[PDB]
>>> print(open('entry.cif').read())   # mmCIF, N, CA, C and O atoms and all ligand atoms
data_work
loop_
_atom_site.label_atom_id
_atom_site.label_comp_id
_atom_site.auth_asym_id
_atom_site.auth_seq_id
_atom_site.Cartn_x
_atom_site.Cartn_y
_atom_site.Cartn_z
N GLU A 1 0.81 -1.23 0.00
CA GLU A 1 0.00 0.00 0.00
C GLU A 1 0.85 1.28 0.00
O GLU A 1 0.48 2.24 -0.63
N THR A 2 1.98 1.26 0.69
CA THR A 2 2.86 2.42 0.80
C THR A 2 3.90 2.44 -0.32
O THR A 2 4.74 1.54 -0.42
N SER A 3 3.88 3.49 -1.14
CA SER A 3 4.80 3.62 -2.27
C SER A 3 6.22 3.51 -1.76
O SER A 3 6.60 4.14 -0.78
N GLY A 4 7.01 2.71 -2.46
CA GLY A 4 8.39 2.59 -2.14
C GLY A 4 8.88 1.79 -0.97
O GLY A 4 10.11 1.69 -0.78
N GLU A 5 8.01 1.17 -0.19
CA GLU A 5 8.44 0.57 1.03
C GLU A 5 9.36 -0.61 0.77
O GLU A 5 10.40 -0.75 1.38
N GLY A 6 8.99 -1.42 -0.20
CA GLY A 6 9.85 -2.53 -0.58
C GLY A 6 11.17 -2.12 -1.16
O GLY A 6 12.25 -2.70 -0.83
N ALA A 7 11.13 -1.09 -2.00
CA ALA A 7 12.39 -0.53 -2.53
C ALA A 7 13.32 0.02 -1.46
O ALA A 7 14.54 -0.19 -1.49
N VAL A 8 12.74 0.69 -0.46
CA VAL A 8 13.58 1.21 0.64
C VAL A 8 14.19 0.06 1.47
O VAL A 8 15.39 0.09 1.80
N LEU A 9 13.39 -0.98 1.80
CA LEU A 9 13.95 -2.15 2.46
C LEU A 9 15.07 -2.76 1.63
O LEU A 9 16.10 -3.14 2.20
N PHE A 10 14.88 -2.81 0.31
CA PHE A 10 15.92 -3.38 -0.55
C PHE A 10 17.21 -2.57 -0.41
O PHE A 10 18.27 -3.11 -0.26
N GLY A 11 17.08 -1.24 -0.49
CA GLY A 11 18.29 -0.43 -0.32
C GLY A 11 18.98 -0.57 1.03
O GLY A 11 20.20 -0.54 1.11
N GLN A 12 18.20 -0.69 2.10
CA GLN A 12 18.73 -0.81 3.43
C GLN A 12 19.43 -2.17 3.67
O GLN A 12 20.51 -2.21 4.29
N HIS A 13 18.85 -3.25 3.15
CA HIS A 13 19.25 -4.59 3.60
C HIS A 13 19.80 -5.48 2.51
O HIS A 13 20.39 -6.51 2.82
N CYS A 14 19.60 -5.12 1.23
CA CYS A 14 19.93 -6.02 0.13
C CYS A 14 20.88 -5.48 -0.94
O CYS A 14 21.63 -6.24 -1.53
N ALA A 15 20.78 -4.19 -1.26
CA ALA A 15 21.50 -3.57 -2.35
C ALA A 15 23.01 -3.73 -2.24
O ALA A 15 23.71 -3.74 -3.26
N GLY A 16 23.51 -3.82 -1.01
CA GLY A 16 24.95 -3.95 -0.80
C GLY A 16 25.53 -5.14 -1.52
O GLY A 16 26.70 -5.11 -1.98
N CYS A 17 24.72 -6.19 -1.61
CA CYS A 17 25.09 -7.39 -2.40
C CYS A 17 24.40 -7.51 -3.73
O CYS A 17 24.93 -8.19 -4.61
N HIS A 18 23.19 -6.96 -3.86
CA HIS A 18 22.34 -7.28 -5.01
C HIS A 18 21.94 -6.08 -5.88
O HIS A 18 20.96 -6.17 -6.65
N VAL A 19 22.60 -4.95 -5.72
CA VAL A 19 22.19 -3.76 -6.51
C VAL A 19 22.17 -4.13 -8.01
O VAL A 19 22.98 -4.92 -8.52
N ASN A 20 21.17 -3.56 -8.70
CA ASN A 20 20.90 -3.80 -10.09
C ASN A 20 20.71 -5.28 -10.43
O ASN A 20 20.89 -5.67 -11.59
N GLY A 21 20.27 -6.07 -9.43
CA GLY A 21 19.94 -7.46 -9.66
C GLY A 21 21.11 -8.42 -9.71
O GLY A 21 20.93 -9.59 -10.10
N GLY A 22 22.30 -7.96 -9.31
CA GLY A 22 23.49 -8.80 -9.31
C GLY A 22 23.64 -9.59 -8.04
O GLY A 22 22.68 -9.74 -7.27
N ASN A 23 24.87 -10.10 -7.83
CA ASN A 23 25.25 -10.78 -6.58
C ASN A 23 26.78 -10.71 -6.50
O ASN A 23 27.50 -11.40 -7.27
N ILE A 24 27.26 -9.79 -5.67
CA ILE A 24 28.71 -9.47 -5.55
C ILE A 24 29.53 -10.60 -4.89
O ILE A 24 30.75 -10.57 -4.90
N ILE A 25 28.83 -11.57 -4.30
CA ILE A 25 29.43 -12.69 -3.58
C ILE A 25 29.56 -13.94 -4.48
O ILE A 25 30.67 -14.48 -4.67
N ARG A 26 28.42 -14.37 -5.03
CA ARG A 26 28.32 -15.51 -5.96
C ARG A 26 27.66 -14.96 -7.22
O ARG A 26 26.42 -14.85 -7.31
N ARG A 27 28.45 -14.66 -8.23
CA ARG A 27 27.95 -13.95 -9.39
C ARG A 27 26.75 -14.60 -10.11
O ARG A 27 25.80 -13.92 -10.63
N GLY A 28 26.80 -15.92 -10.14
CA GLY A 28 25.75 -16.69 -10.80
C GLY A 28 24.47 -16.74 -10.04
O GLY A 28 23.47 -17.16 -10.59
N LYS A 29 24.48 -16.36 -8.77
CA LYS A 29 23.26 -16.47 -7.93
C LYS A 29 22.61 -15.09 -7.85
O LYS A 29 22.32 -14.52 -6.80
N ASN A 30 22.38 -14.54 -9.02
CA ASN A 30 21.82 -13.19 -9.13
C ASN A 30 20.28 -13.17 -9.09
O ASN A 30 19.63 -14.19 -8.91
N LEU A 31 19.72 -11.97 -9.24
CA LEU A 31 18.30 -11.76 -9.16
C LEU A 31 17.65 -11.51 -10.52
O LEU A 31 16.55 -10.96 -10.63
N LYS A 32 18.31 -11.94 -11.58
CA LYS A 32 17.71 -11.89 -12.91
C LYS A 32 16.57 -12.91 -12.98
O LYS A 32 16.66 -13.98 -12.36
N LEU A 33 15.50 -12.62 -13.73
CA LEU A 33 14.38 -13.55 -13.80
C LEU A 33 14.74 -14.94 -14.28
O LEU A 33 14.32 -15.93 -13.66
N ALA A 34 15.63 -15.02 -15.27
CA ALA A 34 15.95 -16.35 -15.80
C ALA A 34 16.66 -17.17 -14.71
O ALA A 34 16.51 -18.39 -14.63
N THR A 35 17.51 -16.50 -13.92
CA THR A 35 18.31 -17.16 -12.91
C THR A 35 17.34 -17.69 -11.81
O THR A 35 17.44 -18.84 -11.37
N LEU A 36 16.45 -16.82 -11.31
CA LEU A 36 15.44 -17.20 -10.31
C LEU A 36 14.55 -18.31 -10.87
O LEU A 36 14.32 -19.29 -10.14
N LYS A 37 14.09 -18.19 -12.12
CA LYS A 37 13.12 -19.15 -12.70
C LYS A 37 13.81 -20.55 -12.73
O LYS A 37 13.16 -21.57 -12.46
N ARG A 38 15.08 -20.59 -13.14
CA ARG A 38 15.81 -21.85 -13.27
C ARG A 38 15.76 -22.61 -11.98
O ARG A 38 15.69 -23.86 -12.00
N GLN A 39 15.87 -21.91 -10.87
CA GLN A 39 15.80 -22.52 -9.54
C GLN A 39 14.40 -22.62 -8.89
O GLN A 39 14.31 -22.92 -7.67
N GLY A 40 13.36 -22.25 -9.62
CA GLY A 40 12.04 -22.31 -9.08
C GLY A 40 11.71 -21.18 -8.14
O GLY A 40 10.78 -21.31 -7.35
N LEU A 41 12.46 -20.08 -8.24
CA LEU A 41 12.36 -19.00 -7.25
C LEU A 41 11.69 -17.74 -7.76
O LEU A 41 11.70 -16.74 -7.06
N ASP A 42 11.10 -17.82 -8.94
CA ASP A 42 10.48 -16.65 -9.60
C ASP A 42 9.05 -16.44 -9.08
O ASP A 42 8.09 -16.49 -9.84
N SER A 43 8.94 -16.18 -7.79
CA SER A 43 7.65 -15.85 -7.16
C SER A 43 7.92 -14.99 -5.97
O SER A 43 9.03 -15.02 -5.38
N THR A 44 6.93 -14.17 -5.64
CA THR A 44 7.02 -13.33 -4.44
C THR A 44 7.28 -14.20 -3.18
O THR A 44 8.10 -13.93 -2.34
N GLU A 45 6.54 -15.28 -3.07
CA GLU A 45 6.71 -16.20 -1.95
C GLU A 45 8.12 -16.80 -1.79
O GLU A 45 8.63 -16.91 -0.66
N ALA A 46 8.71 -17.26 -2.89
CA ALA A 46 10.03 -17.87 -2.78
C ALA A 46 11.09 -16.83 -2.37
O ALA A 46 11.99 -17.08 -1.58
N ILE A 47 11.01 -15.68 -3.02
CA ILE A 47 12.00 -14.63 -2.71
C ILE A 47 11.84 -14.16 -1.27
O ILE A 47 12.82 -13.89 -0.59
N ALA A 48 10.58 -14.08 -0.82
CA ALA A 48 10.29 -13.69 0.54
C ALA A 48 10.89 -14.67 1.54
O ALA A 48 11.39 -14.28 2.60
N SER A 49 10.78 -15.98 1.24
CA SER A 49 11.36 -17.00 2.09
C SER A 49 12.87 -16.81 2.25
O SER A 49 13.37 -16.88 3.36
N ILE A 50 13.58 -16.55 1.12
CA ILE A 50 15.02 -16.28 1.19
C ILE A 50 15.30 -14.99 1.97
O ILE A 50 16.24 -14.91 2.78
N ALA A 51 14.51 -13.94 1.71
CA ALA A 51 14.69 -12.71 2.47
C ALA A 51 14.64 -12.90 3.95
O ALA A 51 15.44 -12.35 4.69
N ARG A 52 13.69 -13.75 4.36
CA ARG A 52 13.45 -14.01 5.76
C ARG A 52 14.58 -14.84 6.38
O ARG A 52 15.15 -14.41 7.37
N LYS A 53 14.90 -15.98 5.76
CA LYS A 53 15.72 -17.01 6.37
C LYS A 53 17.10 -17.24 5.75
O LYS A 53 17.95 -17.95 6.32
N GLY A 54 17.32 -16.70 4.55
CA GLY A 54 18.53 -16.87 3.81
C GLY A 54 18.51 -18.23 3.12
O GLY A 54 17.51 -18.96 3.16
N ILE A 55 19.63 -18.55 2.50
CA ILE A 55 19.85 -19.79 1.72
C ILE A 55 21.34 -19.89 1.44
O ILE A 55 21.98 -18.94 1.04
N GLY A 56 21.88 -21.07 1.63
CA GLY A 56 23.28 -21.30 1.26
C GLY A 56 24.23 -20.36 1.98
O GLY A 56 24.27 -20.28 3.20
N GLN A 57 24.98 -19.61 1.18
CA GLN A 57 25.94 -18.63 1.67
C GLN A 57 25.30 -17.35 2.24
O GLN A 57 25.97 -16.60 2.88
N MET A 58 24.02 -17.13 1.96
CA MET A 58 23.32 -15.94 2.42
C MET A 58 22.61 -16.15 3.74
O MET A 58 21.87 -17.12 3.88
N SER A 59 22.80 -15.19 4.66
CA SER A 59 21.99 -15.19 5.91
C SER A 59 20.60 -14.60 5.68
O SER A 59 20.33 -14.02 4.67
N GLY A 60 19.74 -14.75 6.68
CA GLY A 60 18.40 -14.23 6.69
C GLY A 60 18.40 -12.80 7.15
O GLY A 60 19.28 -12.33 7.84
N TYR A 61 17.33 -12.08 6.80
CA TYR A 61 17.16 -10.68 7.23
C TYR A 61 15.78 -10.48 7.83
O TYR A 61 15.40 -9.33 8.05
N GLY A 62 15.05 -11.56 8.14
CA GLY A 62 13.68 -11.41 8.64
C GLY A 62 13.59 -10.68 9.99
O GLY A 62 12.55 -10.06 10.27
N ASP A 63 14.66 -10.76 10.77
CA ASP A 63 14.77 -10.05 12.03
C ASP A 63 14.81 -8.54 11.87
O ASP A 63 14.51 -7.82 12.79
N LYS A 64 15.22 -8.09 10.68
CA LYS A 64 15.33 -6.66 10.39
C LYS A 64 14.30 -6.05 9.46
O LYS A 64 14.12 -4.84 9.43
N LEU A 65 13.63 -6.89 8.69
CA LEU A 65 12.73 -6.40 7.70
C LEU A 65 11.37 -5.86 8.22
O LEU A 65 10.60 -5.23 7.47
N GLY A 66 11.00 -6.16 9.47
CA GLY A 66 9.66 -5.86 9.96
C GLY A 66 8.68 -6.97 9.59
O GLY A 66 8.91 -7.74 8.63
N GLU A 67 7.54 -7.01 10.28
CA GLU A 67 6.46 -7.88 9.93
C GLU A 67 6.01 -7.60 8.53
O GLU A 67 5.67 -6.48 8.16
N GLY A 68 6.08 -8.65 7.72
CA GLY A 68 5.67 -8.52 6.33
C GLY A 68 6.70 -7.89 5.37
O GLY A 68 6.51 -7.82 4.14
N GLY A 69 7.82 -7.45 5.92
CA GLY A 69 8.85 -6.79 5.10
C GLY A 69 9.47 -7.72 4.07
O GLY A 69 9.89 -7.27 3.01
N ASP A 70 9.57 -8.99 4.42
CA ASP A 70 10.05 -10.01 3.49
C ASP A 70 9.17 -10.02 2.21
O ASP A 70 9.68 -10.05 1.09
N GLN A 71 7.86 -9.98 2.39
CA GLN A 71 6.97 -9.89 1.26
C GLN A 71 7.05 -8.61 0.47
O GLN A 71 7.03 -8.62 -0.76
N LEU A 72 7.21 -7.51 1.18
CA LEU A 72 7.36 -6.22 0.50
C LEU A 72 8.63 -6.17 -0.35
O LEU A 72 8.59 -5.78 -1.53
N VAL A 73 9.75 -6.59 0.21
CA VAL A 73 10.99 -6.49 -0.58
C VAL A 73 10.93 -7.49 -1.75
O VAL A 73 11.39 -7.24 -2.83
N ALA A 74 10.33 -8.66 -1.49
CA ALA A 74 10.20 -9.67 -2.53
C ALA A 74 9.38 -9.20 -3.70
O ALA A 74 9.70 -9.49 -4.86
N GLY A 75 8.25 -8.54 -3.45
CA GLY A 75 7.43 -8.06 -4.54
C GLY A 75 8.17 -7.04 -5.40
O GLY A 75 8.04 -7.06 -6.63
N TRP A 76 8.97 -6.16 -4.75
CA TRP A 76 9.75 -5.19 -5.50
C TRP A 76 10.78 -5.94 -6.39
O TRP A 76 10.99 -5.62 -7.57
N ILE A 77 11.52 -6.87 -5.81
CA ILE A 77 12.54 -7.62 -6.54
C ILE A 77 11.89 -8.32 -7.74
O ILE A 77 12.46 -8.31 -8.84
N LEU A 78 10.71 -8.92 -7.55
CA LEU A 78 10.11 -9.66 -8.68
C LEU A 78 9.75 -8.73 -9.81
O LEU A 78 9.97 -9.07 -10.99
N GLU A 79 9.20 -7.55 -9.49
CA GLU A 79 8.88 -6.57 -10.51
C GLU A 79 10.12 -6.15 -11.27
O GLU A 79 10.14 -6.06 -12.47
N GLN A 80 11.20 -5.90 -10.54
CA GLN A 80 12.44 -5.55 -11.16
C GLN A 80 12.94 -6.66 -12.06
O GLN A 80 13.39 -6.41 -13.15
N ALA A 81 12.92 -7.89 -11.59
CA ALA A 81 13.32 -9.01 -12.40
C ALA A 81 12.51 -9.12 -13.68
O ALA A 81 13.04 -9.36 -14.78
N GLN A 82 11.21 -8.93 -13.53
CA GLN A 82 10.34 -8.96 -14.69
C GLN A 82 10.69 -7.86 -15.70
O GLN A 82 10.51 -8.04 -16.91
N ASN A 83 11.19 -6.73 -15.21
CA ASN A 83 11.60 -5.62 -16.05
C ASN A 83 13.09 -5.64 -16.43
O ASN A 83 13.63 -4.69 -17.01
N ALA A 84 13.75 -6.78 -16.16
CA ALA A 84 15.16 -6.90 -16.43
C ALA A 84 15.98 -5.80 -15.82
O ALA A 84 17.02 -5.40 -16.37
N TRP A 85 15.51 -5.32 -14.67
CA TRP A 85 16.29 -4.38 -13.84
C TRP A 85 16.58 -3.06 -14.55
O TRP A 85 17.56 -2.36 -14.22
N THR A 86 15.73 -2.69 -15.50
CA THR A 86 15.86 -1.36 -16.17
C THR A 86 14.45 -0.81 -16.40
O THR A 86 13.50 -1.57 -16.70
N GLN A 87 14.31 0.52 -16.29
CA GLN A 87 13.12 1.23 -16.58
C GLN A 87 13.45 2.45 -17.41
O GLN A 87 14.58 2.95 -17.42
N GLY A 88 12.46 2.93 -18.14
CA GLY A 88 12.69 4.09 -18.98
C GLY A 88 12.74 5.42 -18.28
O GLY A 88 12.24 5.51 -17.17
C1 LIG B 101 25.55 -10.13 0.81
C2 LIG B 101 26.10 -10.10 2.22
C3 LIG B 101 24.06 -10.35 0.71
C4 LIG B 101 23.02 -9.63 1.22
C5 LIG B 101 23.06 -8.36 1.99
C6 LIG B 101 21.80 -10.25 0.71
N1 LIG B 101 22.07 -11.37 -0.04
FE1 LIG B 101 20.82 -12.42 -1.15
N2 LIG B 101 22.30 -13.68 -1.65
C7 LIG B 101 23.62 -13.60 -1.24
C8 LIG B 101 24.33 -14.80 -1.67
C9 LIG B 101 25.77 -15.08 -1.38
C10 LIG B 101 23.43 -15.67 -2.32
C11 LIG B 101 23.70 -17.02 -2.85
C12 LIG B 101 23.45 -18.01 -1.69
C13 LIG B 101 23.87 -19.39 -2.18
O1 LIG B 101 24.70 -20.04 -1.60
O2 LIG B 101 23.21 -19.94 -3.06
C14 LIG B 101 22.17 -14.91 -2.28
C15 LIG B 101 21.05 -15.30 -2.93
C16 LIG B 101 19.82 -14.60 -2.98
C17 LIG B 101 18.65 -15.04 -3.71
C18 LIG B 101 18.65 -16.23 -4.64
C19 LIG B 101 19.30 -15.85 -5.97
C20 LIG B 101 19.59 -17.01 -6.92
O3 LIG B 101 19.39 -18.16 -6.53
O4 LIG B 101 19.88 -16.72 -8.13
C21 LIG B 101 17.66 -14.15 -3.40
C22 LIG B 101 16.20 -14.23 -3.86
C23 LIG B 101 18.23 -13.15 -2.54
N3 LIG B 101 19.58 -13.43 -2.29
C24 LIG B 101 17.50 -12.13 -1.95
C25 LIG B 101 18.00 -11.22 -1.04
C26 LIG B 101 17.23 -10.20 -0.33
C27 LIG B 101 15.78 -10.04 -0.56
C28 LIG B 101 18.05 -9.56 0.48
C29 LIG B 101 17.80 -8.45 1.41
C30 LIG B 101 16.66 -8.78 2.38
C31 LIG B 101 19.35 -10.16 0.29
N4 LIG B 101 19.32 -11.18 -0.63
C32 LIG B 101 20.53 -9.74 0.87
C33 LIG B 101 24.16 -12.52 -0.55
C34 LIG B 101 23.47 -11.47 -0.02
NA NA B 102 13.77 -3.25 -18.71
#
>>> encode(input="entry.cif", output="structure tokens")
Amino acid sequence: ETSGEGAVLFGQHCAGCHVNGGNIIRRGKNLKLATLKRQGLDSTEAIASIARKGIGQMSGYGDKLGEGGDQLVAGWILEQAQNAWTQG
């Protein structure tokens, strides 16, 4: 409901590793749609789960995102992925 809330969470907690849909730690484990889709992760729910609890080399951020923040940041990331991380 609040404009930008997911994007602001992304900047606060995720951009340091994932700005512009990349991954500065494991390059292949990026946030491009094809990369997420290959792993079955191209949904708000899957991304939210990773946001909350982490996966593999990544820790969780659910302790910092606020109630429902995992879903908010996930929805923003999915939109970006769908747009190939560029807008006009
Ligand atoms: C660097 C310290 C990171 C921060 C901050 C965040 N993530 Fe991350 N992410 C990181 C790594 C090293 C990996 C790969 C983990 C592995 O071993 O497989 C990931 C992965 C993701 C994914 C999956 C991407 C893929 O499989 O292609 C998602 C969806 C993801 N990360 C989301 C995400 C969010 C929402 C974050 C902020 C809440 C976040 N990450 C921060 C490293 C880092
Ligand atoms: Na685009």
>>> residues_near_ligand(input="entry.cif", ligand="ligand NA 102 (chain B)", cutoff="5 Å", atoms="all atoms listed in the file", output="number ranges by chain")
A: 83-87
>>> closest_atom_pairs(input="entry.cif", of="chain A", to="ligand LIG 101 (chain B)", cutoff="8 Å", atoms="all atoms listed in the file", output="tab-separated table")
residue	atom	partner	partner_atom	distance
A:9	O	B:LIG101	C29	5.6
A:10	O	B:LIG101	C29	5.6
A:11	N	B:LIG101	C29	7.5
A:12	C	B:LIG101	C29	6.9
A:13	O	B:LIG101	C5	3.4
A:14	CA	B:LIG101	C29	3.5
A:15	N	B:LIG101	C5	5.8
A:16	C	B:LIG101	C5	5.4
A:17	CA	B:LIG101	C1	4.2
A:18	N	B:LIG101	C4	5.7
A:21	O	B:LIG101	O4	7.5
A:22	O	B:LIG101	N2	6.9
A:23	CA	B:LIG101	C7	6.3
A:24	N	B:LIG101	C33	6.6
A:25	CA	B:LIG101	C9	4.9
A:26	N	B:LIG101	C9	4.6
A:27	O	B:LIG101	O4	7.0
A:28	O	B:LIG101	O4	4.4
A:29	C	B:LIG101	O4	3.2
A:30	O	B:LIG101	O4	2.7
A:31	N	B:LIG101	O4	4.9
A:32	O	B:LIG101	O4	6.0
A:33	O	B:LIG101	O4	7.9
A:34	C	B:LIG101	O4	7.3
A:35	C	B:LIG101	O4	4.6
A:36	N	B:LIG101	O4	4.7
A:37	N	B:LIG101	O4	7.2
A:38	C	B:LIG101	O3	7.9
A:39	CA	B:LIG101	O3	6.4
A:40	N	B:LIG101	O3	7.9
A:41	O	B:LIG101	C22	6.1
A:43	O	B:LIG101	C22	7.4
A:46	O	B:LIG101	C22	5.6
A:47	CA	B:LIG101	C22	4.4
A:48	N	B:LIG101	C22	6.4
A:49	C	B:LIG101	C22	7.4
A:50	C	B:LIG101	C24	5.3
A:51	CA	B:LIG101	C27	4.2
A:52	N	B:LIG101	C30	6.1
A:54	C	B:LIG101	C12	6.9
A:55	O	B:LIG101	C12	3.2
A:56	CA	B:LIG101	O1	3.4
A:57	N	B:LIG101	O1	2.8
A:58	N	B:LIG101	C12	3.8
A:59	O	B:LIG101	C6	5.7
A:60	C	B:LIG101	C30	6.5
A:61	CA	B:LIG101	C30	5.2
A:62	N	B:LIG101	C30	6.6
A:64	C	B:LIG101	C30	7.9
A:65	CA	B:LIG101	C30	7.0
A:69	O	B:LIG101	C30	7.0
A:70	O	B:LIG101	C27	6.3
A:73	C	B:LIG101	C27	5.6
A:74	N	B:LIG101	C27	5.7
A:77	CA	B:LIG101	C27	7.2
>>> select_by_dssp(input="entry.cif", residues="chain A", states="strand (DSSP E or B)", output="PyMOL selection string")
chain A and resi 54-55+58-59
>>> write_last_selection(input="entry.cif", atoms="N, CA, C and O atoms", output="PDB file, keeping the file's coordinate frame")
ATOM      1  N   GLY A  54      17.320 -16.700   4.550  1.00  0.00           N
ATOM      2  CA  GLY A  54      18.530 -16.870   3.810  1.00  0.00           C
ATOM      3  C   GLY A  54      18.510 -18.230   3.120  1.00  0.00           C
ATOM      4  O   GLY A  54      17.510 -18.960   3.160  1.00  0.00           O
ATOM      5  N   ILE A  55      19.630 -18.550   2.500  1.00  0.00           N
ATOM      6  CA  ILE A  55      19.850 -19.790   1.720  1.00  0.00           C
ATOM      7  C   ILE A  55      21.340 -19.890   1.440  1.00  0.00           C
ATOM      8  O   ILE A  55      21.980 -18.940   1.040  1.00  0.00           O
ATOM      9  N   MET A  58      24.020 -17.130   1.960  1.00  0.00           N
ATOM     10  CA  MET A  58      23.320 -15.940   2.420  1.00  0.00           C
ATOM     11  C   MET A  58      22.610 -16.150   3.740  1.00  0.00           C
ATOM     12  O   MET A  58      21.870 -17.120   3.880  1.00  0.00           O
ATOM     13  N   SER A  59      22.800 -15.190   4.660  1.00  0.00           N
ATOM     14  CA  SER A  59      21.990 -15.190   5.910  1.00  0.00           C
ATOM     15  C   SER A  59      20.600 -14.600   5.680  1.00  0.00           C
ATOM     16  O   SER A  59      20.330 -14.020   4.670  1.00  0.00           O
TER      17      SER A  59
END
>>> atom_distance(input="entry.cif", atom1="atom C of residue 19 in chain A", atom2="CA of residue 66 in chain A")
22.0 Å
>>> select_by_dssp(input="entry.cif", residues="chain A", states="alpha helix (DSSP H)", output="ChimeraX atom specification")
/A:5-13,15-18,33-38,44-53,62-65,69-82
>>> atom_distance(input="entry.cif", atom1="CA of residue 68 in chain A", atom2="atom O of residue 8 in chain A")
13.8 Å
>>> atom_distance(input="entry.cif", atom1="atom O of residue 82 in chain A", atom2="atom C of residue 63 in chain A")
29.1 Å
